[PDB]
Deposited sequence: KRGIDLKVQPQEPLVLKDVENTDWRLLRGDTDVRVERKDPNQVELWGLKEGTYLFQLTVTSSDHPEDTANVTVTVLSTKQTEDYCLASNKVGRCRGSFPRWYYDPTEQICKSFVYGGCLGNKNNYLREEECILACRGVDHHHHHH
């Protein structure tokens, strides 16, 4: 499986395994619960193999991942995607053109929720 990179708001238990690289000492407890994550990046190997990285967003990056307008972009494709609407504080679906969009653009609603739940 190709790696995943999850952007998330800091949250002491992150609800979704072995840590390969983290700025801090995470603890993973089995859904799973990630404890101790701080602003920054973490890399895990998942086996029953795959890469999972978790980027705990800064407020500055949160502007890009949550506060930016949805962006169809220049291409004429049709990709169902998700963006966060901070005005209404909810994840909405939109059709993405497939290129040159911005960071407020998630493949899965759950990923949008993780990236932006609680942002205004």
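Enquirer: So which bits of the deposited sequence did not make it into the model?
Expert: According to the record, the gaps fall at 17 to 23, 38 to 41, 60 to 67, 140 to 145.
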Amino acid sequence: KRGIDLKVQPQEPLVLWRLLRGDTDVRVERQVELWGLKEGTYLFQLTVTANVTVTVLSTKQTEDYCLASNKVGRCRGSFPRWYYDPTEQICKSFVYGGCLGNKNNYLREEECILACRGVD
From here on, numbers count along this sequence of modelled residues.
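Enquirer: Taking the mean of the C-alpha B-factors per stretch from the entry, tell me the winner out of 18 to 26 and 98 to 106.
Expert: Between 98 to 106 and 18 to 26, it is 18 to 26 that shows the higher mean C-alpha B-factor.
Enquirer: Would you determine, from the values in the PDB entry, which of 32 to 40 and 77 to 85 has the greater average C-alpha temperature factor?
Expert: Higher mean C-alpha B-factor: 32 to 40.
Enquirer: Looking at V72, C66, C91, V48, which has the highest Cα B-factor in the entry?
Expert: When the deposited C-alpha B-factors of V72, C66, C91, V48 are compared, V48 is largest.
Enquirer: Lowest, middle or highest third: where is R117 by Cα B-factor in its chain?
Expert: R117: CA B-factor falls in the middle third of its chain.
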